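Shown below, as structure tokens, is a lone chain in the form deposited in one PDB entry; questions about how it binds or moves come after it.
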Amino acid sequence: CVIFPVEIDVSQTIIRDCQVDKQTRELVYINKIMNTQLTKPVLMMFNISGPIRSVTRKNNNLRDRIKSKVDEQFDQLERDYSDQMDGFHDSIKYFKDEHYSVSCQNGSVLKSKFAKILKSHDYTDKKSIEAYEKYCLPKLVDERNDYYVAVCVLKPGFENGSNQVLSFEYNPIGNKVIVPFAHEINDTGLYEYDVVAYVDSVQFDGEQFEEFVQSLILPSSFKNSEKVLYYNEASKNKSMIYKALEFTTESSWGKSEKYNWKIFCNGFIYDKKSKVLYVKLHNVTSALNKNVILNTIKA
């Protein structure tokens, strides 16, 4: 998530983190990188709540199943009265998934090991090393280094249109899980997000979710009267904290019987019964650049 070199353009990040057993959890992390030049590797790093133990291999369809599952929780919040975008389109699966090379650093040793790490990847100039320490290191360590760091390397020859993927099991320190939403720092202070996540065996944190959702800026539909609404709702077994873009259009089938659109819902949907968290931050921007940190279920 904290990506280096800092130029690098990414989108469509998909994440899944599930309890494997009482002391193991698995992180599946998928994204799509846009650069073609790149002669050196992409070093993507991010915080996790415990040491990595082994990498896993998932089936070729997991990616779309994660995304489909997240989307079907949010669709339920929307009211999209348009069937235009229609006719699925002739794009075909063709590019094979690329795999990041994974290693792990205890948060406590990263500051003393980072330059060594860049060097093993042929990044030796002062320019690159200072960029990393200025824009990346800070999103990976804080004087209270109790969390770990996943170091993901992407060899440079990868094919543009590929999904870059990785998955591994780790051992959470103290019933914590870190969903790696944070990005490397940038000069403007505004960050763009485009990610969905599925995380199970987790406790609800209404306040952390409110803070994240209130900070979100949604995409505009460019209609005259659009308004952004903020929701902090609870149904039978779900808690929903999100924003939605809403507006009105006159009835084509009735007279003054208007249509109340409710689209681009982004936020957090928590299933109180399954203990599952669904997150969607699709094309939204925010000044908050942080991970979501939760407590796992205890027994």
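Numbers follow the displayed sequence, beginning with 1. We call the rigid core whatever largest set of C-alpha positions still superposes within 1.5 Å between the two forms.
Not pictured, yet referred to below: the form deposited in another entry.
**Request:** Tell me, with the core superposed, which single residue in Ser235, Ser68, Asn60, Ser274 has its C-alpha moved by at least 2 Å between this form and the one not shown.
**Result:** Residue with a C-alpha shift of 2 Å or more: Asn60.
Quiz item: By the 2 angstroms cut-off, has the C-alpha of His99 moved between this form and the one not shown once the rigid core is superposed?
Solution: Yes; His99 is a residue whose C-alpha shifts (by 2 Å or more) between this form and the one not shown when the cores are overlaid.
* Would the C-alpha of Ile217 be classed as shifted by 2 Å or more between this form and the one not shown after rigid-core alignment? -> For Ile217, whose C-alpha is compared between this form and the one not shown after core superposition, the shift is less than 2 Å.
**Item:** Large Cα shift (2 Å or above) at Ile33 between this form and the one not shown, core-fitted
**Value:** It does shift by 2 Å or more.
- in that other deposited form, do the Cα atoms of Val10 and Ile263 sit closer or farther apart than here, given a shift of 3 Å or more? Nearer in that other deposited form, by 3 Å or more.
Q: Since the Cα separation of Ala287 and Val10 moves by 3 Å or more in that other deposited form, tell me which way: closer or farther than here.
A: They are farther apart; the C-alpha distance rises by 3 Å or more in that other deposited form.
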